[PDB]
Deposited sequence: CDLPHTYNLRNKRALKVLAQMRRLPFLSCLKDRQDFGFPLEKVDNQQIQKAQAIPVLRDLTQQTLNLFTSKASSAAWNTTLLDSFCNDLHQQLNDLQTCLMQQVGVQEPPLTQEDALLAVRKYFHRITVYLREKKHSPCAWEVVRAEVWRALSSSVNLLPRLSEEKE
């Protein structure tokens, strides 16, 4: 609960630094992605079941930002930092309305698929990448709501 928070702080700091475009540059590309955990309380999914969901979320985020398209869209030093942070998060997690755990996992999958399809359909424009970066930032910030303190 504690270490996930700390390294997620660092991940969010770097992901905010990765922004290249001024705010409000990409209005015509904005897109509701329907992140499935935006309103998911800790009463809904407990510690035993939140950890797999967080693990899959971290894994899919790492996969997204370690693609070749990502290497072409973002500063390489910041990418190194962000990807390393996500991977450390993954190692920590592996060391150990959506309702159940399986529903959460499947919904997270479809959400990252919507992100992939959006980027393809937008031909990886800088604005599409910025829309995705801000979306992932909000998802990562929301996700900490599934851990107790």
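Not built in the structure, per the record, are deposited positions 1 to 3, 100 to 108, 162 to 167.
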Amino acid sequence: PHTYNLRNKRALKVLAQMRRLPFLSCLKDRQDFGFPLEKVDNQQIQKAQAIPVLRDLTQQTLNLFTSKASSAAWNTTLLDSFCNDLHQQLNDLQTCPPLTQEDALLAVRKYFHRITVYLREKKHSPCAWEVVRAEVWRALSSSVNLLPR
From here on, numbers count along this sequence of modelled residues.
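For the two regions 59 to 67 and 42 to 50, the entry's Cα B-factors average higher over 42 to 50. As recorded in the PDB entry, 33 to 41 is the stretch of 33 to 41 and 106 to 114 with the greater mean C-alpha temperature factor. Among all modelled residues in its chain, residue 83 ranks in the lowest third by Cα B-factor. Looking at the C-alpha B-factors along this chain, the one for residue 119 belongs to the lowest third.
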